[PDB]
Each structure stands twice: as structure tokens, then as C-alpha cells.
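Chains as they are written, first to last, in full-length UniProt numbering: chain L, 3 to 191, 198 to 264; chain Y, 2 to 191, 198 to 264; chain B, 3 to 191, 198 to 264; chain A, 2 to 191, 198 to 264.
Note that the Cβ used here is the ideal one computed from N, Cα and C, for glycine as well.
Number of protein chains: 4
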Amino acid sequence: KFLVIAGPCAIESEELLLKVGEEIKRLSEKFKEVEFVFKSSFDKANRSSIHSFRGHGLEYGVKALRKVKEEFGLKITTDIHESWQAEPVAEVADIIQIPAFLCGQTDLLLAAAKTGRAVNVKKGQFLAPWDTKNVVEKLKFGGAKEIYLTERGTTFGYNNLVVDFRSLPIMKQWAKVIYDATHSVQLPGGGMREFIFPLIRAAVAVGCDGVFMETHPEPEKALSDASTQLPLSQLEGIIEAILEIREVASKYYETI
Amino acid sequence: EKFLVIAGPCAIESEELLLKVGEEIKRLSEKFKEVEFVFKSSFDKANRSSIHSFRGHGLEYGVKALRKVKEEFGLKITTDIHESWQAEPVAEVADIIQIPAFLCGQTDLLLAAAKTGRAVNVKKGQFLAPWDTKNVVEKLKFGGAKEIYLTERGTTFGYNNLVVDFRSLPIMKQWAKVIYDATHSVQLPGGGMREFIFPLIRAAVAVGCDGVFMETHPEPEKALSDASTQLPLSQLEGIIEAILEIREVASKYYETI
Amino acid sequence: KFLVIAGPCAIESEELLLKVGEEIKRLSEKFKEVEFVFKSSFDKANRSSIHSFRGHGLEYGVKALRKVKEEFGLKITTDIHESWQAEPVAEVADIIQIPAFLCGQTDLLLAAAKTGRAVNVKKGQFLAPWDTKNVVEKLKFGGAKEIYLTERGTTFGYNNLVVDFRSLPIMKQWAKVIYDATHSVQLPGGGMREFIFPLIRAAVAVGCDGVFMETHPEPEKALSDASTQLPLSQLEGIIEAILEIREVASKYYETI
Amino acid sequence: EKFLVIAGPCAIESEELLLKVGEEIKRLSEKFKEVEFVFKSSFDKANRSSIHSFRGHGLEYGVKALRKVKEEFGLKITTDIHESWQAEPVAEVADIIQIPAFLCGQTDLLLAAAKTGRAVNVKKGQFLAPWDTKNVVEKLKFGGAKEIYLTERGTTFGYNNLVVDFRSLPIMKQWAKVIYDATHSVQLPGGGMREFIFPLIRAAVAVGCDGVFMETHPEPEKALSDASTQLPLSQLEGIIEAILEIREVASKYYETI
Ligand SMILES: O=P(O)(O)OC[C@@H](O)[C@@H](O)[C@H](O)CO
Ligand SMILES: O=P(O)(O)OC[C@@H](O)[C@@H](O)[C@H](O)CO
């Protein structure tokens, strides 16, 4: 099934997670052809500033994600930052997410694969599409079976990311490909939000196995990625649109 | 609104090659009535990498060949100019005067095209930020151009590589109609190539543009220029049908500028 | 001899040219080991804005440059923008300059070579160093004998240029290499001026055949490139510095 | 001020390789008394492209080998950490804890290095703008680091290529001492390579930095990692003499931060 990974950027509170989870559950009931995966980070490990919000800890995070999976029966995904976190997180995460900056850390990938869960690696901003082949192989070596590669932009000069859509067909040669519509338009360190929907449309017209989107009831108040999180109320309309585009465009997806 | 499809062989190899592609384009224009087709071919490749590559058969010959195409098929014409003096003679036959990517900033060339009264299509330089096309349009308006197009053809990304930053489509749409060049955007000046033409063109129409530009040739492998990226003529119909379908389903979601 | 190409960006007036020419003449007398070339554009053919200063015309420009060469006996260089301008300009220009954006225009290069003068091509911002081989060959084909390639930065994301110093040894394989210290730090369309001297030092430590620098009595009032033109009073100090660095570093210039 | 030269084999292939390079570095430290030499070698290559490449002989083995070097030659030591828990044991022997380029933003790793009391050298990420290293330094100061270095090792430039934007040297100098990594800056992740090490290092000292980082190996072609860019041990002396000479003549022109 087509994948839609969505949720608030950071686990600001179990409350926020349950509110977003409700809406995702509802959409889950509405779009049965789509496999929804609830996503949220228990820790923002590389905020620019030491004074910025990181989170409430792994334990509290796994707990809240457990509440979401229990209350709504939704699959879960969260990102790990050091090898030791793989196991505890795998208790609740159906898919373990590997941060873009850490996509080359062999030990992190192996610890993810060992848990037996699915692994979704965010393609580093410094990484060429063809060089993700080795990332996938490390994971296979470590016993991984369900492997995803997520396109999230590429370093383009300073404080800018460009999305090279040629990467989708290239990465598809060795893994299921996910398009990160949120982080692909943010400026590291223009007008971010206005480009999220247009690029999402491009991703499905080109061909991918799923889309990743951060969403918040009130993006304006988000403690992380405030400028790019999609207002929860707009999620349905966007999903309906990509399914329609996908339905027509899929006829032309090149074999691979 | 009528979607624009600019297509044709990269270079005017002969009047014969032109009439051949022209006939196929004429046929598709009869089928895709919702599309405005414009026949394209350069009378001169003014910046081949090597001094030993094919340039063309001259301005006079090119214009005459292009005139034959318009005459025989009733097709609109577009070709590119390389120096100011060429605008006048070229405007005799060209409905749209094209400005090469490297020359998108040359004021005199822009003014020369503008005062002919013809439409003007500027290829966005590989070095140019989407927001900096605003002044290129201003120059044209200042020069008398009433119909202006900006063509997305990729941006310098490291050495011998171009990337297409699709954010440029809605940015440039603020001041001109936008065309997506499906051929030159996948070329490696000096990823691979042809295998990416179709997927990137699908992305372009999903994002939203006013037209697409595609070089096509009966036998790409024998073309005297851009043999690697020129689309096989027989594949044109399918590509066009596909983009009209994607455009239609995506259209209700195009943002308002 | 080591080359130093300097002068005001645009021929704002014969007056300005003579004032800058005087100082350049003086430095010419002071640094006999250096071949000074007076540079100034009779036309700024690609200003961002239609309302910006372009110049006073080719005729007036060639006239003023003639006054400089006559009054101070300094060699001359100016840039052409269309093929027809090569011949009239070659009457006074010892070196014909090919704009960076036009470095691939075969007809412009051939018209430059035909005049018999020296040709200095500004490496396009889109051009890889190894791809300048073909530029040089076009010129040789057209009869050019004294050929220079000028490093002036490379497109690095939007509105930014980076200087890849690997380009100097690479281009030296087929032409004399000049480093443009002025345009290499400007932001197309950070803090420009503060980086001019540091990068100039790098260029000579690496190894080049000359340096290109725009200078103005009062950069602040320049009608073109106001933010990057070097104050005339600082030129001597910079030249003395690059000669000293060159004297020590030249011992290590790799053979080629 | 004492110029820093950080050098050594890329990976701790064996305690024997270490003592060999160590002896040469000890010898140069006796000749170049105006230089502070720091012996470098990774106990682990935590991010080889392939799962089949050499990683190392483990933390315990590495630290012990590095300790032997410090013990036998009285040389300062530096090595890189990959996870927070490694900072403490590594600080036992390392005078400078190095933070890998890809991890330059990992707050916990930075804090872990900072609280050891050792000096900290951060490799500037290939994705990081020079001005964004300011917050990396802030994190370290916050964590207790009193001696901080930022290492220039190139920036992503298209695919499989890095460019060195020398404007970064004076920018980063605003908040930390700066080191130029002569080895990794010419590497093509995943121009050519070794032929550019020396020229770029000359540019670095002409611009101005507080030290240079260079991987050297008795026989580069046999190294288990970075064989292509590791400098032949016999060439180290000459490279160092050359940069001290260029540094000296350029020094009076170094701008004040
Ligand atoms: O094939 P070479 O000779 O490199 O030429 C490339 C160009 O002619 C052409 O693709 C470019 O679009 C022209 O501006
Ligand atoms: O040679 P491969 O396996 O590609 O590895 C590159 C890296 O180990 C190394 O050069 C990089 O500096 C490590 O961070």
C-alpha cells in the first residue's frame, strides 16, 4: 500500500500526540488504500542552538507513542540517534528512522537492523542518490528486511536545499522510496511552506512509495520546525490530491 | 488555458529533417486541439563545446527552412538568436524569439527581440536564481515585449551537472508564463540523461507550468547535436498525452499567483 | 612577467580613467617586474536592471582608453560583447577580454582571435575547469597566440560564488591563468570586500600568472560594482604583498 | 603563536604503523620547534561507504596504541569519537577530542567531549555554512570546553565532490581557532585528488589559519583507509617547511578578527 508517514515533529506532549493521532486515525479510516504511520521525535538531537527545545526524553517519548498505537491502532515510527536507543525504541516503533546526518553511521544502522523492525533512512544532504546502495547493503547485512530511503533535499550552496527528483527512480533500484515533503523545503541554519504542496505533487507524479509529512494543529506554536509543519486541517486535502495524481500518473511509472 | 508545447529537432540539419518532424507535429496538433504547438529548431548552435561540432547552415538557410515548415503545416515557429542584428531577420518567420540561457542577461539582445513585436521566450541561465528573472522580464517589458515566457532548463549543480529546482516554477510564474525544458534540464554540460526526461516532465506538469519544451528527432542517435537527449519522434504523442492527463488531474490544485 | 590587470570597472569618464591611470603608471614604475595592464569596460552589457548604468558607448570608450595608453604608455584591455566590436576595440586593446557569460560564444571568440591581439577569457560561472580546454582550442583555431583564462568564481547555490582553487593548476595546462580578485567574491543578483585580499593571497600561494583587480578612487561612488572595487590607495600595498608571497611560494609551484 | 600541525595515519592499522609514523613526527617536532605537533589516528572508521571496508581494531586497542605513542615520543594525541559514551575513555589519552564532520551538530556528542576538560576539534560538516559554526562553538562553551577548534574540510559541491570555500577561514576565526584539513578537502566522497593537497594547503596558510591537519602514511597505496589522499610520510617534512615559509611571509597581512 502507498505510505503516508505523518505526525508532529517533536513529542511536545502526549496530549499533542493524541490530538494529531485522532485525525490521522480518521484519515486512516477514510483512505483504506493507504498505510498511515504515526511519526514523532522523542528528541531533537541536533538543534542549531543549545537553548532550543530537544524534548522530554526517550522513556516519556516511547510511552506517549505507545499510547498512540494503543488508543488508535496506528503503526509507529520515530528516529534514533545513538546505537543503544534502537532496542528500547523498537518495542513500540514499527519503523525505525535513521536521521539524515547519521545515514552513514554503520553502528546505528546495524543496531536498527538487529531489532527486526523496518528501517527508514533519511538520505543525507551530502549524499548522492547512487551512494545509497551501500546504505541499503549495510542494513541487509545487519538482517534488515523492510528498507526505505527517504528523499529530503540536497545541499545547494549555503542554507538551502534543492530536491533532485532524479533521485526517486535511482533509489528505487534498491529500496522503497519515501518523499519527505516537510524538510525538503526548509532552509538549513525560499518561502518554505508555500513549496510543500507543489513539490509533493511532483514527487507522486514522478513516482514514489510513500510520502512523509510533519503536521501540527497549530504549526505557529510548534516547539520544533514551526515554519514548515503542515496545519493538521490541511492534511486530508493534500492526501486526497496525491492519491488522485498518483492514480493517473502511476500508469507511467517506469519499471524498476 | 491553452497549454504550450514547443518541439522540434535541436538543429536545422536540413530542410528535409524539418518537414519530417513538422508533419508529425502537425498531426499531433490536429489531435491535441487543447494544445498550442510551436515548431522549434536552431539555425545555429553558437556555443558548442568544440570548434569541430556541427553549428548549422546559416541564418538565411534556417529561416527559409523554418518558413517552409510554417507554410506547409501552418505551424507557429520559434528559434533562438545570438546577437542583436539577428532579431529583425528572424522575426520575419518566428512567432516566438528565443533567448539562449547564457545570454539571458544581455540587455541589447533582449531589447532587440522585444522591439520586433514578437513573443519572447528566455531560457533561464544555469547561473540565475529564480527570483532574479524578475529584472529580465522588466527589461523585456521596457523594450516593448507584450508576450513573455521564462524557460526552466536546470541550474549549475557542481561540475558537469544540472539540477531542476522545481520551486522555480511558481516563483517565475509571478512575472511571466513558465515553460519547462524537458531536454536540456537532464543534460550533463561538458545523474544520467534520457531516462530522466519523462519523469521530470511529469513533475513539471504536477507542479504547474504553462508549457513544455522538448527536442525530438526521427533518429536521435544520428542527430548532429544533443543526440543523447533528443526524444525519438515516435515517443512524442505518448509523452504529450501523459502530460495533458497529469496536468488535468493536478490542475485543481495549482496555487494562485 | 607577472601580470596585474587593474582599473575602474566602467569607463565612467575619461577623467576617472586618467586619474586611475596615473596611479597605475606610478606603480608600473615602482614594480618593473610586473606587467601592468589598464582595464575598463566601455559597456556594462548585463546589468541586472534596465535602469542601471551601462556606459557612454564604444567610440567614447575606445577614445578614453586611447588617451590612457597615450598619456601613460600603459597596455590596455577591455571586454567585447558582440562580434562586430572586436575590430574597433582591437585598435586600442592589447588584450581583448571575453565576458564570463559569453565564454562559450564561438563567433565572439573567433572575432577576438582574428584581430591578432591577446585574448583573455573569463571562465563562466557554469564552466568546469577542464572544460576550458575547448575554449582555448577555439581561440587557437581562430589564430590566437597569447591566451589567458581568468578564474572568477563558480555558481554555488543561488546568489553566491565559490572559488575552487583547484582550477588554477588545471587551467594552467593549456593557458596562462589569471585570478580575478574582484568578481570572485561578489554575490550575483558574504561580506564581499573583506574577502578580496585573503583570496588574492591564496591565488598567488597556489600559483597563477597574474591577478585582475578593479579599483576606484572612491569605490563608494562607482557607477558599477561599487561594493567590490578596491580603493585606489590600497592597490600598492596589495601588489607588494602578492609579490612577496609569490617570491616565497613560487619555489613550490608544481610543474605545468 | 605556535602553529598546530595535526598529523598521522588515517586509521590505527596496528600499533606498529603508529610507532613508525610517530617516530617521524617526533623527529619533525624536534626540528620545527615553532610548531605544536599532535599525533592523530582513528580507532574506528564509523562511516565507511561499504560494510566491507576496514573499520579498526576497537576502542580499547586504539587508545592503548595511542597511549604507547604518547608514552614513547611524548607527543600530544587526538582521535575522534562517534557516540557519547566514548568521550570518557578516549579522554584518558587524547589531548584533543575530535568530532567527525557528519556529527558536528549532535549536541550530546559535543557536550560529552566538552565535559572531559580536553580540547575539542570539530570538523565542519560538508553541509554546514561557515557562519553556522557559531552555534556549534556556543554548545561547546556551554558544555565546559575552554579550548576549541573548527576544522575546514570542504563543502558539498554537486555530487561526489567537495570544494573549499576559503572565505570560511576568516569567518570561523571570529569564534574559534581554525584548522585546515589538507587531506579530506580534496577527497571525492563516494577535481582529482592527491595532486591538489599541496596547492590547497598553500592557499590555507596564505589566507591564514591556526593549524593544518594532514593524514600521512609510510605507504599510502597500502593504507586500509584513504589510501588515495594520505600523504607519503617522506613528504611531510617538505610540506611543513613550505607552509611555515608561506605563513611567515603572508602573516603580516593576516586581517584582525
Ligand atoms: O554538445 P555540446 O557541443 O557540448 O554542446 C552543448 C550545446 O550545443 C547545447 O546543448 C546547449 O543547449 C546550447 O546552449
Ligand atoms: O573510503 P570510504 O569507505 O568511502 O570512506 C570514506 C570515509 O571513511 C572517510 O574518508 C571520511 O573522512 C570519514 O568520515
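The nearest non-hydrogen atom of ligand 1 is less than 7 Å from the C-beta of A102/Y.
DSSP places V22/Y in the helix class (H, G or I) of the three-state scheme. With respect to chain A, the C-beta atom of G106/L has a partner C-beta closer than 8 Å. Of all residues in the region 203-234 of chain B, only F203, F205, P206, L207, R209, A210, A211, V212, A213, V214, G215 place a beta-carbon less than 8 Å from a beta-carbon of chain A. For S42/A, the Cβ stays outside the 7 Å cut-off from all heavy atoms of ligand 2.
Apart from the 5 residues on each side of it in sequence, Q237/A sits with its Cβ closer than 8 Å to the Cβ of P10, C11, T184, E222, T223, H224, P227, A230 in its chain, given in chain order.
For the region 30-61 of chain Y, residues whose beta-carbon sits nearer than 8 Å to a beta-carbon of chain B comprise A47, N48, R49, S50, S51, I52, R56.
Scanning chain Y for C-beta atoms nearer than 8 Å to the C-beta of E262/L yields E202, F205, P206, reported in chain order. Straight through space, the alpha carbons of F128/B and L60/Y are spaced by roughly 27 Å. Against chain B, the beta carbon of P171/A has neighbours under 9 Å at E202, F203, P206, listed in chain order.
Within chain Y, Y260 have C-beta atoms less than 7 Å from the C-beta of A249/L, given in sequence order. Look at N48/Y: its beta carbon is less than 7 Å from one of the heavy atoms in ligand 1.
When C-beta distances to chain L are compared with 7 Å, the residues of the region 155-170 of chain B below that value are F158, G159, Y160, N162, in chain order. By the Cβ rule, the region 27-41 of chain L does not count as touching the region 4-23 of chain Y, because fewer than three pairs are nearer than 8 Å.
For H185/Y, the Cβ falls inside the 7 Å cut-off from some heavy atom of ligand 1. Less than 8 Å separates the beta-carbon of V214/L from that of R209/Y. Rounded to the nearest angstrom, the gap between the Cα atoms of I97/L and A113/L is 13 Å. In this chain, the beta strand (DSSP E) harbouring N122/Y covers 120-124.
Runs of the beta strand (DSSP E) spanning 3 or more residues and lying entirely within the region 76-123 of chain B occur at 77-81, 97-100, in chain order.
In summary, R119/A is buried, with 16 or more beta-carbon neighbours lying within 10 Å of its beta-carbon over all protein chains present.
Proximity to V123/A across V137/A, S258/A, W132/A peaks at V137/A, based on C-alpha coordinates.
Counting C-beta atoms within 10 angstroms of its own C-beta, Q175/B has fewer than 16 neighbours from the protein chains shown and is therefore classed as exposed. Counting only the Cα atoms, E93/L lies some 17 Å from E148/L. Burial is judged here by how many other beta carbons sit within 10 angstroms of a residue's own beta carbon; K3/B has fewer than 16 and is exposed. The Cβ atoms of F167/A and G159/Y do not sit closer than 8 Å to each other. For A47/L, the secondary structure class from DSSP, reduced to helix, strand or coil, is coil.
No Cβ of chain B is located within less than 8 Å of the beta carbon of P90/Y. Residue contact with chain A for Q242/L: absent (no Cβ-Cβ distance below 8 Å to any residue of chain A).
Following the DSSP letters along the chain, one finds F74/B inside the alpha helix (DSSP H) bounded by residues 60-74.
Cβ atoms of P171/Y and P206/L come within 8 Å of each other, at about 6 Å. With a cut-off of 7 Å, the C-beta of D81/L is classified as distant from ligand 2, since no heavy atom of the ligand falls inside that distance. Here the alpha carbons of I100/L and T117/L stand approximately 13 Å from one another.
Taking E255/L as reference, the option from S235/L, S232/L, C216/L, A234/L with the minimal CA-CA separation is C216/L.
In this structure, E153/L sits near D182/L, with a CB-CB distance shorter than 8 Å. When beta bridges are read from the DSSP output, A8/B appears opposite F40/B, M221/B. Two segments are said to touch when three or more pairs of C-beta atoms, one from each, lie closer than 8 Å; by this definition the region 68-87 of chain A touches the region 43-51 of chain A.
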